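Protein chains in written order, with the numbering used here: chain A, 5 to 62; chain B, 408 to 590; chain C, 2 to 56; chain D, 1144 to 1193; chain E, 3 to 92; chain F, 60 to 254; chain G, 739 to 759; chain H, 356 to 472; chain I, 0 to 73.
Just so you know, even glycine gets a beta-carbon here, dropped at the ideal spot from N, CA and C.
Step one of this worksheet: look at the structure below.
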RNA sequence: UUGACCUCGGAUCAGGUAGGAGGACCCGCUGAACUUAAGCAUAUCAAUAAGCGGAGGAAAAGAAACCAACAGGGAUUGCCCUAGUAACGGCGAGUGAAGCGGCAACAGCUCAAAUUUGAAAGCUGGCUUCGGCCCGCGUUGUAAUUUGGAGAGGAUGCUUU
RNA sequence: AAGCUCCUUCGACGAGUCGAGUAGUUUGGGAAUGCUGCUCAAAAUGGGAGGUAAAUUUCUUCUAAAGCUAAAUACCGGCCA
RNA sequence: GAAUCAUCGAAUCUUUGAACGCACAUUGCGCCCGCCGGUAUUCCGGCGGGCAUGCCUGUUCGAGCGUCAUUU
Ligand SMILES: [Zn+2]
């Protein structure tokens, strides 16, 4: 709390962090799946369009 | 085969020759200090099966600890106490393991196998870089050695229902009042 | 190469003297289980027999 | 009771005529050494590279 | 050769350093009362410290072994009373 | 009077203890060491079969590599190593066994003379793991085995085997099933009489 | 990485495939 | 049953949609990594142990060695094409063995395998 | 005067006779911190000072601990 | 006389390491009392609060000396349910799980036990023209092979780098 | 170097540790629920845990005393949003 | 190429504090290596590099009738 208030009072810039995630949310590359992937659609819809089975489980 | 023969000796440790050897070595240990350095183990077969390696960075330390009651019994084993004393002695090394080596009417004697995390042979060896990793700092203090697991009851079965996944964590999980959005 | 423990040698003496019941009772008292007592009497008995053959 | 008795060699009195293990001897004990073969090859590589 | 001189020096130094610096009654009670017999007494006497060399060994090492070869056996208040009455002098 | 260092005092006390204590038969037969002539002859044969050192081994490897740039038989050499020698004895590939008398974990050896005896391979106990480590090009070795040698020294190998298996084996075989020690001195005798 | 695991990943690598609908 | 401090040991569920979308993003990330491959490995058909659920069947941990051999898929190559292998399980019945063999054969018939590099 | 100046915490809490500070315990390496005084914890917790280096770490983490210079720099 | 081997020490020798902080979550040690039972002592509070030691971004646990009596399941972990059931209890107050089932996630492995013995094939340091030269560790065992729903060795003929 | 198939050849598997008696602590759990302390102290057609009145301990299922390991999980703390 | 600018990969970083040559309540007192100025090979003052502990590896030195030998 005192640490946050010290950042309030100090004339030091706030170190904003970028939205970096460990795993890419979309495939990338010069392959068929990457070229035909639709970013807005979800995984199930993309696999429906591709014609492949997404989940082998029940 | 020699290690198998040594294992059989350690099995029949109450025999005449082993009793004589433990007598002489007990006298020697009483004469030495409470904590001291061994370059070579007293029981090489036991050290090898516990993981001691003939490498630069592996050391044995022999430690004597007072035995008896603490009628309140000290829940930490003498093995764990010896490992912890070794940790405070050489905080730089990592406690690989420990094994009983001798006992007396006042002191019990243990030998601890320790590994150096800053030596690049240990860094290179991919079977020991796991203890080179920083998660294993003071395993003896966190009860992560064999004595720690035995005292924490980290075993499978209905006999270990309360401790297989952590005593305090199990208590907290059973005593949390979970309330969902749609009750 | 190693030899015998004090209790093992005691049971050996009992078996050589012929007090099989006394040896069995002493072995049970030292070990804690009837099966272990019987087994230990067995190894000690074959040790006695082998020593007799060797002599 | 004699405290410290002479040991009777009940088991070792019989000399055993035959080796313990029946595992067949591998070929490496009758063929020359591939370890030195690979070492010689590496040395030849080094000599060729100078 | 025989080590007699070196043993003499060690014993003299040990003597100079020394200069510079209920269980039995419980067993007697157990034998008297109909609890433990002769065979039980020898059975309990076969301890881990049985056949302890005591005549040919140096005095200092024998004293150390005597200090550290004491087994803890249960005691009784009756034995404590008996030993107190025995030790009570005129 | 004068005060001795702790480790020196402890070390002399340890030798006094070893010479005073009643010794079990294994450590007793360890105490019983062979004679100078047998040791010297065995060392002569072992030196004629000492293992190749690293310098000349790399030299011969380079020899072979250059030969490849611009035909042998099995090497016969003395075998060293506790596990290797005990396995060799178990497989009865050993012709003679030499054992260091001063292995400071003594359990590493306690069973070795007995297993040699039962197997049948002749064995002897020599003074100096240092000499074992100098026979090999190391600092110390626990056991040394001779399995097979070349043609020229079949005769002297057999003669050394017979010499040891008679003149050390029977000599320390008549008396090896007892307990050693009993070297009490004058002060020890007086102390025991007073006790 | 260990030699055994290196050989295993060399000779039996993760394959890239698809399951038809 | 409020003898203890449920005040200090009450934990709520206001993050349910957040965890749901996080799980969806995690499986989407796995799909992006294994872009042509299915997200989950194939699993065998096993039977519920207890008497109350005998007539019902579910998914197991991994396929049996005998089932893999009968289906003609090598043990070392099955995990690389996405078949869970369980060394602990045993068949003990021709019915279950045949069912898992048929499942593996269907997987083979529906699978397309790419030629290494 | 019972208490004097303390080297570590800078307050007049160093007991003269015992030579031990009542606030931080100067002879002891560890600084005194008791969980039953949350007000003391918030008084002597991090953030009440100047943060010579802990205020410079986060920018380095954001930039990825890069070492070197931008290309074409005098 | 000399030189080893072993052990024990010194050096303001060379290279590193341990403190402390933080402690919301985590792993251990140690551990109360108020209260309830309309009095109170077992019990409860509570294997909690305070105190002590030790890490990380998660920790811990983890690939059965398991569950089970099955037509079997098959590392660990978290939710729902099992369930206020079983079981225990001044059988008062009360305490109180677990298997199974539906899910989320799913990944398996390294050793000791063997003789490379037709060749310590392994590794530390300093010296570098940075390519390869020594020193030391080590046979009281460092590489390769192997870890029990396995494996080794030969023969054998396919297929992979 | 590696995976396999076959076999008139082999197949080592963790000890003051299990276990017995006993004091303390702990749990819903004297088949001691688990652990610790003391005394004694193991086995190799072995050991552990279960099933069962079914007629004798038949049957079932696993290998303890060495070790590593991401993910689903918690988060009044740190950098932010 | 301004800015009480933003970014920030490069520097400076006084005394204390886990606090580390000894002392600490003195800007005090020490020892080794080098330099500087003021009569200066000697005197004085200042400055730079340094000097905590336990442990690991390596190097060097030392001790031990512990111990091996060594006439071919
Ligand atoms: Zn202060």
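| message | According to DSSP, is residue 577(B) part of a helix, a strand, or is it coil? | response | helix
| field | Environment of residue 434(B) [buried if 16+ CB atoms lie within 10 Å] | value | buried
| request: Starting from the N-terminal side, write out each stretch of the beta strand (DSSP E) that is 3 residues or longer and does not extend beyond the segment 83-128 of chain F. | output: You should have found no qualifying run.
| query | With a CB to CB cut of under 7 Å and the five nearest residues on each side skipped, what residues in its chain are close to residue 46(C)? | reply | 16
| query | Ordered along the chain, which non-local residues of its own chain (more than five positions away) have a Cβ less than 6 Å from that of residue 5(I)? | reply | 12, 13, 20 and 25
| query | Which word fits residue 554(B), buried or exposed, when buried means at least 16 other C-beta atoms lie within 10 angstroms of its C-beta? | reply | buried
| request: Measure the alpha-carbon distance for residue 119(F) versus residue 130(F) and round it to whole angstroms. | output: Straight through space, the alpha carbons of residue 130(F) and residue 119(F) are spaced by roughly 14 Å.
| task | Would you mind reading off the limits of the alpha helix (DSSP H) that contains residue 409(B)? | result | 409-418
| Alpha carbon to alpha carbon, how far is residue 109(F) from residue 137(F)? | 6 Å
| query | Any chance the segment 444-452 of chain B sits against the segment 156-168 of chain F, with 3 or more Cβ pairs inside 8 Å? | reply | Under the Cβ criterion (8 Å, minimum of three pairs), the segment 444-452 of chain B counts as touching the segment 156-168 of chain F.
| message | Could you compute how far the alpha carbon of residue 205(F) sits from the alpha carbon of residue 156(F)? | response | 7 Å
| said: Using a 10 Å radius around the Cβ and a threshold of 16 neighbouring Cβ atoms, would you call residue 478(B) buried or exposed? | reply: Residue burial is scored here from C-beta neighbours: residue 478(B) has fewer than 16 other C-beta atoms within 10 angstroms and is therefore classed as exposed.
| Closer than 7 Å: residue 54(I) CB and nearest ligand 2 heavy atom | Although ligand 2 was asked about, the structure shown includes only ligand 1 as ligands.
| In terms of residue numbering, what span does the beta strand (DSSP E) encompassing residue 504(B) cover? | 501-510
| query | Going by other Cβ atoms of all chains shown within 10 Å of its Cβ, with 16 needed for buried, is residue 78(F) buried or exposed? | reply | buried
| query | Comparing the C-beta of residue 170(F) with each C-beta of chain C, is any distance below 8 Å? | reply | Taking 8 Å as the CB threshold, residue 170(F) lines the interface with chain C.
| request: Determine the chain C residues that contact residue 173(F) at a beta-carbon separation under 8 Å, and present them in chain order. | output: Chain-ordered, the chain C residues with CB closer than 8 Å to the CB of residue 173(F) read 2.
| Proximity to residue 7(C) [Cα-Cα], best of 51(C), 22(C), 40(C) and 31(C) | Of the listed residues, the one whose Cα sits closest to residue 7(C) is 31(C).
| Closer than 7 Å at the beta carbon, the chain G residues around residue 431(H) | 750
| field | Coil, strand or helix - residue 81(E) by DSSP | value | helix
| said: Quick check: what's the CA-CA separation for residue 260(F) versus residue 22(C)? | reply: Missing from the structure shown is residue 260(F); chain F here goes from 60 to 254 and no further.
| field | residue 159(F) burial status per 10 Å Cβ neighbour count (16 or more: buried) | value | buried
| For residue 7(I), is the beta carbon positioned less than 7 Å from some heavy atom of ligand 1? | yes
| Per-residue contacts from residue 358(H) into chain B (C-beta, under 8 Å) | The premise fails here: residue 358(H) is roughly 10 Å from chain B at the closest Cβ pair, so nothing lies under 8 Å.
| query | What does residue 156(F) pair with, by DSSP beta-bridge criteria? | reply | 182(F) and 204(F)
| Along the chain, where does the alpha helix (DSSP H) that runs through residue 143(F) open and close? | Segment 141-149, the alpha helix (DSSP H) holding residue 143(F).
| message | For a contact defined as C-beta to C-beta under 7 Å, what are the partners of residue 1156(D) on chain C? | response | Chain C residues near residue 1156(D): 55.
| query | Would you say the segment 579-589 of chain B touches the segment 363-375 of chain H, given that touching needs at least three Cβ pairs under 8 Å? | reply | yes
| said: In this structure, how does DSSP classify residue 570(B) when only helix, strand and coil are distinguished? | reply: coil
| What number of angstroms, rounded off, separates the C-alpha of residue 1176(D) from the C-alpha of residue 1170(D)? | Distance between the alpha carbons of residue 1176(D) and residue 1170(D) is about 10 Å.
| Cβ of residue 1190(D) within 8 Å of Cβ of residue 128(F)? | Yes, Cβ-Cβ distance for residue 1190(D) and residue 128(F) is below 8 Å.
| query | From the beta carbon of residue 1187(D), is the nearest beta carbon of chain C less than 8 Å away? | reply | no
| query | With 16 other CB atoms within 10 Å as the buried threshold, where does residue 381(H) fall? | reply | exposed
| Could you give the distance in angstroms between the alpha-carbon of residue 64(I) and the alpha-carbon of residue 387(H)? | 29 Å
| task | Can you have a look at residue 461(H) and say buried or exposed, based on whether 16 or more other CB atoms are within 10 angstroms of its CB? | result | exposed
| field | CB contact check: residue 55(A) to chain H, cutoff 8 Å | value | no
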